[PDB]
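J.: Chain order of the listed sequences is Z, B, W, Y, H, X and E. Quick note on the working numbering: the first sequence kicks off at 1 and runs consecutively. Quick note on the working numbering: the second sequence kicks off at 51 and runs consecutively. Quick note on the working numbering: the third sequence kicks off at 128 and runs consecutively. Quick note on the working numbering: the fourth sequence kicks off at 224 and runs consecutively. Quick note on the working numbering: the fifth sequence kicks off at 270 and runs consecutively. Quick note on the working numbering: the sixth sequence kicks off at 297 and runs consecutively. Quick note on the working numbering: the seventh sequence kicks off at 346 and runs consecutively.
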Amino acid sequence: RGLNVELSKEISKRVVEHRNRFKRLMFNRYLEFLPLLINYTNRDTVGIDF
Amino acid sequence: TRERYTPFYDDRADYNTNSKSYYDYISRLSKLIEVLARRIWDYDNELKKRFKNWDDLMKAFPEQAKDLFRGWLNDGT
Amino acid sequence: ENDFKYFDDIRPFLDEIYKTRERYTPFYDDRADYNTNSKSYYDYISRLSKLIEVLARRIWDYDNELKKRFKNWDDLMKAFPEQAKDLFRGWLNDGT
Amino acid sequence: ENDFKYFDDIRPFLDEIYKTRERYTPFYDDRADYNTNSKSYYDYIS
Amino acid sequence: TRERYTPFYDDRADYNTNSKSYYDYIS
Amino acid sequence: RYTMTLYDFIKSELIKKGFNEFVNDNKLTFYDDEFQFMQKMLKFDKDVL
Amino acid sequence: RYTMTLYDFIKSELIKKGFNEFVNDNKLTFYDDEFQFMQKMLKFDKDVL
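#1: Which whole-angstrom value describes the C-beta separation of Y/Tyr257 and W/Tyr171, a residue pair presumed to lie in contact below a C-beta threshold of 8 Å?
#2: Residues of chain W with a CB under 9 Å from the CB of Z/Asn4: which are they?
#3: Across which residues does DSSP place B/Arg54 in a beta bridge pair?
#4: Report, in whole angstroms, the separation of the C-beta atoms of X/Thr299 and Y/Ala255, which I expect to be a contact under 8 Å.
#5: So does the region 52-59 of chain B actually touch the region 300-316 of chain X, counting three or more Cβ pairs closer than 8 Å?
#6: For chain W, is any of its Cβ atoms less than 9 Å away from the one on X/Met337?
#7: Within 10 Å of its beta-carbon, does W/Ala183 have 16 or more other beta-carbons around it, so buried, or fewer, so exposed?
#8: Would DSSP call Y/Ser263 helix, strand or coil?
#9: Determine, for Z/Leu7, whether the minimum Cβ-Cβ distance to residues of chain W falls below 9 Å.
#10: Of all the residues that make up the region 51-67 of chain B, which are near chain Y by a beta-carbon distance shorter than 8 Å?
#11: Rounded to the nearest angstrom, what separates B/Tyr93 and W/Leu193 at their Cα positions?
#12: Closer than 9 Å by beta-carbon distance: list the chain B residues that pair up with E/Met349, in chain order.
#13: When the cut-off is 9 Å and only beta carbons count, does B/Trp91 lie next to chain W?
#14: With a cut-off of 9 Å, does the C-beta of B/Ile83 fall near any C-beta of chain H?
#15: Near X/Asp329, which residues of its chain fall below 8 Å by C-beta distance, leaving aside the five closest residues on each side in sequence?
#16: Step through the CB atoms of chain Y and report whether any lies within less than 9 Å of the CB of W/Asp170.
#17: Let me confirm a value: Z/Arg43 is counted as buried when at least 16 other C-beta atoms fall within 10 Å, else exposed. Which label applies?
#18: List, in order along the chain, the chain B residues whose C-beta lies closer than 9 Å to that of E/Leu359?
#19: Does any residue of chain W bring its CB to less than 9 Å from the CB of Y/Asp232?
#20: How many Å lie between B/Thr127 and W/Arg216 at the Cα?
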């Protein structure tokens, strides 16, 4: 075992983790969505996985 | 996660860094390793010359051993 | 004999910490937020600084030790013809 | 002979910095924002 | 990026520029 | 934010001057009150002075 | 904003006057407290004066 916790300004590391995880999440979510906006009269007759 | 300092220990190393900040002490320590590195280089410059001298004597030893032994102090012995 | 009870007077103080070691949580509390202050960078270069100067001096003064060690080389060189003639007068004793 | 232990008394102070050189991150912290002041133009024309 | 002054060193050059500013010393 | 303390300073500088607190003469002296450094700083003897 | 300091001034002007702190006589004098400049400014001897 190994344990000796910092303080309860652990929150001041939890706060910056929330910021860092929010940037990572919002960035890759926004490009997770962005390649589907158009879809253009979806598969009328044409064999394309749009 | 949950950044903990799980060791919490005792030390035996000593310090009075005659320096304005951490920064200027880093500079001083840089100068110091530079000057003792130059000391190692003049150890090399001395020592290559010493071994160009010495190993000649260790290579040319038996010829010198035949040569100096024939000196004519032998009658005194 | 029934001697060497030095393994035995430890017993009432070796069961004791085993008693009060792991039965704590009905007796104590977990509060109050004790602060922990542990060793910034200045203690790190403390740990490094004495350590580097204690070999910085001990490679600065390598020259006088090495000066001794290539002094006694030449001491051996100036002692060698004496040892050669001393070796020579050994064998001619039986030789003559 | 078993002489010239000048390569050898360095050993307990050459393993030491190798010990305390790279095992630091459970023992120390990364905070406090030390300022660095480094040499403006006046030291350059110095 | 992230402008760092990765050397931080010691100097051996000397200065008393008998001049009002940097500018007048350049002159 | 954390830097050097002042207890650690005079402790390390007094231990530079040959002192110790655990194995001082030969006997285990961790518990003996006239040897560990905190008592030398609270008594504030000639040495810490 | 950064310009000249004042420690650097009298350090450079004292090193203009033949002094040094590393290789002063011939021996390595970086660790010796009576030679590096910070002690000469805190003691504030005749020379810095």
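For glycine and all other residues, C-beta sits at the position ideal for the given N, C-alpha and C.
T.: Put simply:
#1: The pair is not a contact, with the Cβ atoms about 12 Å apart (cut-off 8 Å).
#2: Those are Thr163 and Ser165, listed as they occur along chain W.
#3: DSSP output for B/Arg54 lists Z/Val5 as bridge partner(s).
#4: Contact flag correct, Cβ pair sits at about 6 Å.
#5: Output reads no: the region 300-316 of chain X does not touch the region 52-59 of chain B.
#6: Closer than 9 Å: no.
#7: The residue in question, W/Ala183, is buried, as its Cβ has 16 or more Cβ neighbours within 10 Å.
#8: Y/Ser263 falls in the coil class under three-state DSSP.
#9: Using a CB distance cut-off of 9 Å, Z/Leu7 counts as an interface residue toward chain W.
#10: Cβ contacts with chain Y: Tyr55, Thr56, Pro57 and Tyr59.
#11: Approximately 10 Å between the Cα atoms of the pair.
#12: The premise fails here: E/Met349 is roughly 14 Å from chain B at the closest Cβ pair, so nothing lies under 9 Å.
#13: The beta-carbon of B/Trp91 is placed no less than 9 Å from the nearest beta-carbon of chain W.
#14: Chain H contact via Cβ: absent.
#15: Same-chain partners within the cutoff: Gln335.
#16: Yes, W/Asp170 lies at the interface with chain Y (some Cβ there is under 9 Å from its Cβ).
#17: Looking at its Cβ environment, which holds fewer than 16 other Cβ atoms inside 10 Å, Z/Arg43 is exposed.
#18: Within chain B, no residue comes near E/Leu359; the closest Cβ sits about 14 Å away, beyond 9 Å.
#19: For Y/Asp232, the nearest beta carbon of chain W is closer than 9 Å to its own beta carbon.
#20: Here the alpha carbons of W/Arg216 and B/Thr127 stand approximately 7 Å from one another.
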